[PDB]
Every structure is written in C-alpha cells, then in structure tokens.
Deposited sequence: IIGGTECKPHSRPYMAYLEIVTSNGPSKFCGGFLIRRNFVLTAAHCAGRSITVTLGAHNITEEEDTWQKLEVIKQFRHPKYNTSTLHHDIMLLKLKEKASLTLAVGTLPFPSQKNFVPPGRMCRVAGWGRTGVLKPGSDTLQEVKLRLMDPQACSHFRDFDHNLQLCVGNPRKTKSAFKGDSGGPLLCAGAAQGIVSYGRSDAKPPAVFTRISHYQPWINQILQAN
C-alpha cells in the first residue's frame, strides 16, 4: 500500500495474508478476505501450486495468539480468467477447516464516482520498497471509467477505476486480492495497475461476479 497509514492491530479482522507456493520459484504473497468461515476471496492471479492463509495478523513477522494459519484444500480460480486481458481476476479459496471467530478474526458479510473507498494490505509501500511488515490502509477515490481508458483492456462492466491521478496514494505489488470497501461494503478486489504506481488502478467489480461466487459456495 503506497501512501497509507498503519492500521490499529486487528481493526480489519477479515483480512487474510496469503503465502503462495509455485513449483519453479520462491514464495509469493497476496491479500484476501474471509467471506465465510472456510472461504477466502482473492485475485485469480494469486493462484499457485498451493496456498497457506494467515488470519488474525497485523505484524506478519511476529507470531501471536491471534494468528490462525490455515491450510487451503482447493483453489477455485474463475474459469474465464485471462492472462492477457486480465479479465475475471477473482478466486475463491476453500480452507481445510472453518476458522475460529475471535475479536481479531471474523468474516466480511456480503456507488457513484467521487466516492471514497479504502483498501488495506501488506504489499510494498513504494515502487522500489519491500513488502510491509504491518497491515496498512489507504483511502482512494472511485473514478469515472474514462479515467482508466489507458488500460486498453479495462471494462467498466467488469472493473472499477480507483485512485485520483493527482495523489500518490495507491495499492501496489503484494496487495493483490485485498478488498476495496466503500461504505463498509466490499465493492472491489485489487487487481492491477501501472508498474510506476501512478493512479488510477483497476479493481475487479465484485457485484458482477456474485452469481459465480454464490455458485461455488453452494457446490462446496
């Protein structure tokens, strides 16, 4: 998260920290959010050979009692996710068991441009900076679709355009999969943006994927 503030520990109890394993490289990391006690929503590009989810984290380098480290049994990447257009960047993760509900861990129960939304994550705090030890959050402005025209594959139906180009505030690498909340309700999922982090950026529009989401939650 670029240009954000460190959150008060555990004030975002639905936040999930994902460690993703691949066969041919070291671990990678993403965000995500708990929407059922055994389901986490994240971005499809965060898929890998296997994933571990940590709930209840603030400083991800110091283990504490709030932590619940949970195995992911199955990954449900959206079947139409496209590695060229980046369309349908959404994935459900089924946890091996249901998480415990604590003060630090809970689910996130399932807008005109100009609205302020917020997004949290452990991602990099600058284009050349490492991932953040702690959960940061930033408030970002919802933009008209034309603000994102330079992303040639952007689609107003499938995606949100987020971030005032006049501010340096933005999500960045490692924040992928985290929810964008507008009015305390998840509206988007961090997906992609420019490599130099100049806003706006592109978020998955959750509402478009709701039937698919409900589908997976009923068949599993």
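- Residues of the deposited sequence lacking C-alpha coordinates, counted from 1, fall in a single stretch, 111-116.
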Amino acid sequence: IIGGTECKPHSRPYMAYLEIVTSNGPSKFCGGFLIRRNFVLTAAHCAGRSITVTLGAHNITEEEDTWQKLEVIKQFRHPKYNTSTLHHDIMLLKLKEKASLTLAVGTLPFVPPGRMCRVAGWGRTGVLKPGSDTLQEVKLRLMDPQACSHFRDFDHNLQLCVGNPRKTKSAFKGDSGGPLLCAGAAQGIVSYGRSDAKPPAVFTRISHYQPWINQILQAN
From here on, numbers count along this sequence of modelled residues.
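- Comparing 127-135 with 140-148, the stretch with the higher mean C-alpha B-factor in the PDB entry is 127-135.
- Note on 38-46 vs 166-174: mean CA B-factor is higher in 166-174.
- In this structure the maximum Cα B-factor among 160, 57, 183, 190 is found at 183.
- Residue set 73, 111, 101, 91: peak C-alpha B-factor at 111 (per PDB entry).
- In the deposited entry, the Cα temperature factor of residue 65 places it in the lowest third of its chain's modelled residues.
- The entry lists a Cα temperature factor for residue 106 that places it in the lowest third of the chain's modelled residues.
- Among the modelled residues of the chain, residue 200 sits in the middle third by CA temperature factor in this PDB entry.
- In this PDB entry, residue 120 carries a Cα temperature factor that places it within the lowest third of its chain's modelled residues.
- In the PDB entry, residue 9 places in the middle third of its chain by CA B-factor.
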